[PDB]
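Taking the form deposited in one PDB entry, here's one chain by itself in structure tokens.
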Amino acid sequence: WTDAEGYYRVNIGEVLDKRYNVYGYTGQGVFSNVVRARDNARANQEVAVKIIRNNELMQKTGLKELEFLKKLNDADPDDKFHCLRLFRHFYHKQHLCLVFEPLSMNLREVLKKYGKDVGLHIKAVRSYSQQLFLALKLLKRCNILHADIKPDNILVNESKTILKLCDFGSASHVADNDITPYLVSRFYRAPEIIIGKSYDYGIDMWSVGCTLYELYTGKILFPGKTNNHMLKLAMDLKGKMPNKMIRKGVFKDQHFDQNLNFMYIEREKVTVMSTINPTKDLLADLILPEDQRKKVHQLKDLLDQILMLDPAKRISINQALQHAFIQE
């Protein structure tokens, strides 16, 4: 019934918890099997069942995902802060099963349907940003850090008008804040994580900014191969990291020398850079009608405030929701 890795495999037509009739597959995994089911106890209504991987460490993250989703759902009774709705939970053949609201597809899937480097319409990006900032508001209202905000973890409804922040498997409490430079998916990873500086809700704000650029351009903002390449790409837009920020970090020596100069790795190869000049043109890469062009400039102004290297100088959730791009 259970694989060596810890996967359940699943059978089409199988009834889970004597009510959930599995008909669809969606995708398995990675780290859990998400199946499409019909709840026979609730007039054959559509539901998504996340079957958590077995082993030891995966079940620990599953219960952690269960408690965090329960906290966010209770804090938002009217469902206005765009977070995934957990219906209930059950156990099936050793695996923990999470019953979720039915959603059409993730933002990575919609982007592929839009085309190669096409991106979503500015009106859709505007609506999506507001909902993403509302998700950050609830995340900050509670003491939770998503720590994996990317198009793959943002699900959309059938009409694609409403989005939901999903996958709380890598989520953590603010008081915990573990010293690790591999926190958050590499491309959406904040500079304070890499340097080893104290991090908070700002990492989720940075990730949102990375997604917003990708939502409009259809391209990854910083497609860095390593943690050192991620810093170089981040500095190619904002210039060299401030001296006060580098000193606060833990992994300073891995990227910066004693003279506070960046060491770019390109067979090892190390090139020392004294001052990094802002070469990346955010406006040129983002861009035709004047009503749409004005909205693009507003997105550019919002992105410059989100992409601030120092998290203390980063735009707040309230100011991002009140921004000219959202308010029109």
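From 1 onward, residues are counted along the sequence shown. For clarity, a rigid core is taken as the largest C-alpha set superposing within 1.5 Å between two forms.
Separately, the form deposited in another entry exists; it is not shown, and the next lines address it.
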ask   = Superposing on the rigid core, is the CA of residue 261 displaced by 2 Å or more between the shown form and the other one?
value = no
key: Displaced residue check between the shown form and the other one: residue 14, CA, 2 Å or over, core reference   = yes
query = After the core is matched up, is the C-alpha of residue 40 off by 2 Å or more between the shown form and the other one?
reply = no
